[PDB]
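To begin, one chain is listed below as structure tokens, in the form deposited in one PDB entry.
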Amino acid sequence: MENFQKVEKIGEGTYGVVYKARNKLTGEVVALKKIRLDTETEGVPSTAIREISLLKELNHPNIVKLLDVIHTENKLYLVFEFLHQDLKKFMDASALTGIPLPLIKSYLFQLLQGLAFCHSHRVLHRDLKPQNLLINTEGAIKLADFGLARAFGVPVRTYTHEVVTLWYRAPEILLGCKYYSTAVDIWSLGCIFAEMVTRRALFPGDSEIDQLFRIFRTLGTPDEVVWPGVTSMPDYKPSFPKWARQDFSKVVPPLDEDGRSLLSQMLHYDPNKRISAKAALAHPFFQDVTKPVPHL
């Protein structure tokens, strides 16, 4: 820690405060995530245990690079590579003007490559949201904050007292299924994709029932035909309203046909029919993907 100089605070994660810092010896600018580890608590928090272990297995351009873990008596520091800012800020700053389509398509392509890498190395992220996605001045976007990430060598069980986002939560989780799957991450990335295009959150719910009704009123109320088993799920009720699927052209106007085809395959109700990250990368939407740079 002697070699690092704290420049400024850049944020707060799922366990500690984060600073921008520079290596006095090499010059490299980093992001120092500091967790206080006094005496009496529960020890090293589980969020830290998972982020460190999973993240040091994952080496990929579209996943934040954990550079070093500095280990002391009363504090634990995680040294990450520094990125310029997060998506949420870039969205708010690019609100009204809009994020250019080519930069949207580049970003989703890169996010899908990172997600395909995670899933093939049995890692669920579970918390994909604009605040957790980081961008730099060169046009890269990277998956970050793996505190709630789980290894799914054995199926990952559902929380109930949750602790996740909402907004970017998959419908099968809201309807009470027992297990997570890689489909919940693709649902989140679909919502973010729609959000960059419409410049606003797709399903901004205030509770679980409020969140379901926001999905329902945009994609229609699911039945046995689109999603067999859906009427025999714990949190499903036959009193739910019977709404109809709206035309995708009125939900994401500024999107071409290839784009709407993709978004609709990412927001498929049935987790089995929902498109995988690997499959999405082969989609015609990404046939003309370029690498533009943001106005940052």
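Under this definition, the rigid core comprises the largest set of C-alpha atoms superposing within 1.5 Å between the forms. Residues carry their position along the shown sequence, with the first being 1.
Separately, the form deposited in another entry exists; it is not shown, and the next lines address it.
Trainee: Only one of 150, 88, 199, 214 crosses a C-alpha shift of 2 angstroms between the shown form and the other one, counting 2 angstroms or more, core aligned. Which residue?
Mentor: Among the listed residues, the one whose C-alpha moves by 2 Å or more is 150.
Trainee: Residue 279: with the rigid core matched between the shown form and the other one, does its Cα shift 2 Å or more?
Mentor: No; residue 279 is a residue whose C-alpha shifts by less than 2 Å between the shown form and the other one when the cores are overlaid.
Trainee: With both forms fit on the core, has residue 165 moved 2 Å or more by CA between the shown form and the other one?
Mentor: Yes; that C-alpha moves by at least 2 Å between the shown form and the other one.
Trainee: Tell me whether residue 70 is among the residues that move between the shown form and the other one (Cα shift of 2 angstroms or more, core superposed).
Mentor: For residue 70, whose C-alpha is compared between the shown form and the other one after core superposition, the shift is 2 Å or more.
Trainee: Thinking of the 3 angstroms or more shift, are the C-alphas of residue 222 and residue 161 brought closer or pushed farther apart in the other form than in this view?
Mentor: Between the C-alphas of residue 161 and residue 222, the gap widens in the other form (3 Å or more compared with this form).
Trainee: At a change of 3 Å or more, would you call the C-alpha separation of residue 276 and residue 151 in the other form closer or farther than in the form supplied?
Mentor: Residues separate in the other form, at least 3 Å farther apart.
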